[PDB]
> 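Before we start, here is the structure in question, set down as structure tokens.
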Amino acid sequence: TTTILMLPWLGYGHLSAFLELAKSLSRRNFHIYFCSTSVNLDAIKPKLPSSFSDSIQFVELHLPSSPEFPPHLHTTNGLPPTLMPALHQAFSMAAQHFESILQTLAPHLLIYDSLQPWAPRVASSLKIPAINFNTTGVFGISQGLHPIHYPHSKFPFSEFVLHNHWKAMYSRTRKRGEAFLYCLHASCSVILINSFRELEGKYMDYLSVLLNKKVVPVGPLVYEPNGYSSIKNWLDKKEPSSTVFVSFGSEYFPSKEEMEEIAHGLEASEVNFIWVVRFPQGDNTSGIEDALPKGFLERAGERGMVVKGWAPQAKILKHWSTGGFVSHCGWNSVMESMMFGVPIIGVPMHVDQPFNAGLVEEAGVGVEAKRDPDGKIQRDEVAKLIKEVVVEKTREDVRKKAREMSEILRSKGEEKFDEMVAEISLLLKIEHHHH
Ligand SMILES: O=c1ccn([C@@H]2O[C@H](COP(=O)(O)OP(=O)(O)O)[C@@H](O)[C@H]2O)c(=O)[nH]1
């Protein structure tokens, strides 16, 4: 039996994608060691059905610990943003423990995420082949890489333009970019990517040319589950396709000013809404009423519901009352919205999100709320797009394209993983000859 150790980055989205990939490999006769911090293994274990207990084993990775940064904070999930540098640094300091794990388990293959250049280095030292699994899309990487080589040539195929807000943010930054691109460039033979050709095929081919590496799609990896009861009762009283879900993912906390723009945009649109509002794991001034404009929920009345902490995002997107998704455009959230046929109203915040929103706009399965020249969210833009997409329904093309994408994604099956499995098999057979 071929054994694979998988090392996701410490974000819930990355862990979720890695777990879906692990389940696919388990069905193809692979044994998976799934390695992360204990707080992350706790969060992800409920998503793993009992039938995988024989083929997927959870393995603890230890990070340096102190009372000021204790193990329950060794995840991005609800982490105070000011602790994100410490989390990246602590993760890099797990390389010694990671090496001991690889020595004890001796897997045939390492599959590692794009935020850990130490991981393929440890594997190479132990003669363990290692493959990068990038859990996000290709559009942003290619859009970012092209202008370094070709600053005077227009990016091919697309009309996307990155807003000056994010151009200034991504202009330390070089070190993070070099480390991220190293994880892709160091990958043995192929890069596995959590995307699909109907959405990103031409960008996959171009990134493969830019990197001089073969790129292998592993498809939309969407978790589907089999709190919500109260929510379903409220949603069942709404009209079909009348409600937006509002979420900014697992590792972002909109500022009070950003929340004010979102809230007033929801109010002016007159849409029904379910909004997940979260506070970082150490925030004691945690108030939904304080965080939101005064009187907002009382003015919204029957139309608005705020969920504190975590919401059943997939179940809500699948409810027939849901007509749009006001999303930070994290990649798993985009893939879920497309899988369930829900138009996206993009409010990207950082990292790959602005690129993801551009791809959504280009594919026609959503629209993007544009920021002002100073990089600020605009209540008027939020209200206008919800009005057109959801309330008044003058942008039916977005709903039509999302539903067509949903039918394409629902048609896919286990063959989505054939190319990955063949490439893993070939790599291992070649490496065995080289010893
Ligand atoms: O209240 C919430 C917020 C997020 N999610 C899930 O958390 C993941 C978020 O991953 P994504 O890539 O969209 O963004 P990130 O958290 O990495 O910024 C998605 O599967 C969402 O369905 C959820 O279930 N409930």
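Note that ligands are numbered from 1 as they come in the structure, with each ligand's atoms numbered from 1 the same way. Positions are given from 1, in the same order as the sequence printed here.
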> Out of all atoms in ligand 1, which are within 4.0 Å of some heavy atom of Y12? Include the element for each.
7 (O)
> Any idea which of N332, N77, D352 brings a heavy atom closest to atom 10 (O) of ligand 1?
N332
> May I ask you to check if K238 and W234 form a cation-pi contact, with NZ or CZ under 6.0 angstrom from the six-membered ring centre and within 45° of the axis?
yes
> Is there any N or O on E336 that sits under 3.5 Å from an N or O of ligand 1?
yes
> Please indicate whether any nitrogen or oxygen in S247 is less than 3.5 Å from any nitrogen or oxygen in ligand 1.
no
> Out of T135, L359, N134, which residue meets the side chain to side chain contact (heavy atoms under 4.5 Å, CB included) rule with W331?
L359
> Using a 3.5 Å cut-off on N or O atoms only, is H328 in polar contact with ligand 1?
yes
> In this structure, does ligand 1 have an atom that sits under 4.0 Å from one of the heavy atoms of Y252?
no
> Tell me whether the guanidinium CZ or amine NZ of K412 lies under 6.0 angstrom from the six-membered ring centre of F196 and within 45° of its axis.
no
> Of all residues at least two apart in sequence or in a different chain, which pass the side chain to side chain contact (heavy atoms under 4.5 Å, CB included) check with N29?
none
> Quick one: side chain to side chain contact (heavy atoms under 4.5 Å, CB included) partners of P70, sequence neighbours excluded?
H72, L73
> Closest by any non-hydrogen atom to atom 17 (O) of ligand 1: pick that one out of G249, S250, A311, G309.
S250
> May I ask you to check whether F52 and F30 place their ring centers less than 6.0 Å from one another?
no
